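Asker: quick one, structure for this:
(chains A and B, ligands or ions: 3)
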Amino acid sequence: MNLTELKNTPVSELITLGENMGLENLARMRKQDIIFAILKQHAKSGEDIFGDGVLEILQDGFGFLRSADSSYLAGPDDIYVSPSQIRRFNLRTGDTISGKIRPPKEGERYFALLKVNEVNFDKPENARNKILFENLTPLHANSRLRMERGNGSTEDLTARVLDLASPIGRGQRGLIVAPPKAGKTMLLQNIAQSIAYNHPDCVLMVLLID
Amino acid sequence: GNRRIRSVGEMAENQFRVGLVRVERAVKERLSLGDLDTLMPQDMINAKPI
Ligand SMILES: Nc1ncnc2c1ncn2[C@@H]1O[C@H](COP(=O)(O)OP(=O)(O)O)[C@@H](O)[C@H]1O
Ligand code: BEF
Ligand SMILES: [Mg+2]
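Answerer: Residues are numbered from 1 along each chain as shown, chains lettered A, B, ... in the order given. Ligands and ions are numbered 1, 2, ... in the order given. Please find the structure below.
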């Protein structure tokens, strides 16, 4: 099985999947506990697991592959990897890794990676030959990120006005100065929708903090 | 001629082998899961027994 297909489904799907697996009443546990139990039941039939997680390292040396279900926190679904793999495949924090994983073996309690398959959606060849971030040279934006949708609905105003108020470019350092209860939530909703419609190639990221 | 003398080195080597047989059993029972591209020849050996 793959972990992402347990990721994208809601809780009721996990409930019926566990009922298919002939499991005890599982409505009481966390979603990650249900995923852990289902993966254990699946591997008990002699099966391997496929997982995907963003990598994080502490001073302890070994690494943890977190999922987006808990917004990248510790959990029974995260994968434990030895420092040897980090030393070999040149891993570091933030490097999302997808590949073969196994349930925790005798005495273990978290998953362990077997073979890397996709390092940041890339083969380990060019992943090991990665240019350093701070070693790069910053520039300015010529690629104009068009905020206009072109449909011209009732709310599209808040986007098109930026096309004449604040131009947006790739790599721009932008900051909003606004009082509370003014309309920033729908504003960022609009900007996300507009950039996804006009530029679906760039990976979207939104930070919801506090 | 029928009584043999053993020094500190011989008994030290004997105790080393006594510990090495335990370490060997451990590395054998751990090698039951080890496959290619999963571990360096350092984690499978513990210093405790010998
Ligand atoms: N484009 C718009 N059209 C209609 N109503 C809007 C629009 N933008 C904001 N509002 C109103 O302003 C309010 C903004 O609420 P809220 O999201 O709490 O603001 P903020 O983003 O500052 O927290 C909403 O209740 C909504 O009714
Ligand atoms: F401006 Be509110 F607090 F979203
Ligand atoms: Mg808001």
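Asker: how about the residues of chain A by ligand 1?
Answerer: A:155, A:158, A:181, A:182, A:183, A:184, A:185, A:186 (CB under 6 Å from any ligand atom). Placement of C-beta: from N, CA and C, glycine included.
Asker: so of the residues you listed, which ones are in helices?
Answerer: Judged by DSSP state H, the residues of chain A next to ligand 1 include A:158, A:184, A:185, A:186 as members of helices.
Asker: and the furthest pair within these?
Answerer: Greatest spatial distance in these: A:158 and A:185, 11.6 Å, computed using CB to CB.
Asker: who has more neighbours out of these two?
Answerer: Neighbours per residue, other CB atoms under 10 Å in any protein chain shown: of residue A:158 and residue A:185, the larger number sits with residue A:158, 16 against 9.
Asker: for stretch A:184-203, which outside residues touch it?
Answerer: Contacts with stretch A:184-203, where a contact means CB atoms under 8 Å, 6 or more residues apart in numbering or on different chains, come from A:145-149, A:155-156, A:158-159, A:162, A:168, A:170, A:176, A:178, A:204, A:206.
Asker: residues near the residue of chain B found nearest ligand 3, how many?
Answerer: Going by CB to the ion, ligand 3 is nearest to residue B:38 of chain B, at 48.1 Å. Per other CB under 10 Å, the neighbour tally for residue B:38 reads 15.
Asker: and it, which of the three is it?
Answerer: With DSSP: H, G, I helix; E, B strand; the rest coil as the basis, the three-state label of residue B:38 is coil.
Asker: how about the residues of chain B by chain A?
Answerer: Contact residues (CB under 8 Å from any CB of the partner chain) of chain B with chain A: B:33, B:35, B:37, B:38, B:39, B:40, B:43.
Asker: how near is the most centrally placed residue in chain B to ligand 1?
Answerer: Centroid check for chain B by CA atoms, centre = their mean gives residue B:20 as the closest residue, at 1.7 Å. As defined by CB to the nearest ligand atom, to the nearest Å, residue B:20 lies at a distance of 69 Å from ligand 1.
Asker: what of residue A:207?
Answerer: Counting by CB to the nearest ligand atom, the gap from residue A:207 to ligand 1 is 15 Å.
Asker: next, that residue: phi, psi?
Answerer: Dihedral pair for residue A:207: phi -110, psi 110, per degrees, to the nearest 10.
Asker: what of residue A:194?
Answerer: According to degrees, to the nearest 10, residue A:194 has phi -70, psi -40.
Asker: residue boundaries of the helices in the chain?
Answerer: Using chain A. Using DSSP H, helices in chain A cover A:4-7, A:11-20, A:31-44, A:83-89, A:124-128, A:157-160, A:162-165, A:184-198.
Asker: that's the other chain; I wanted chain B
Answerer: B:8-30.
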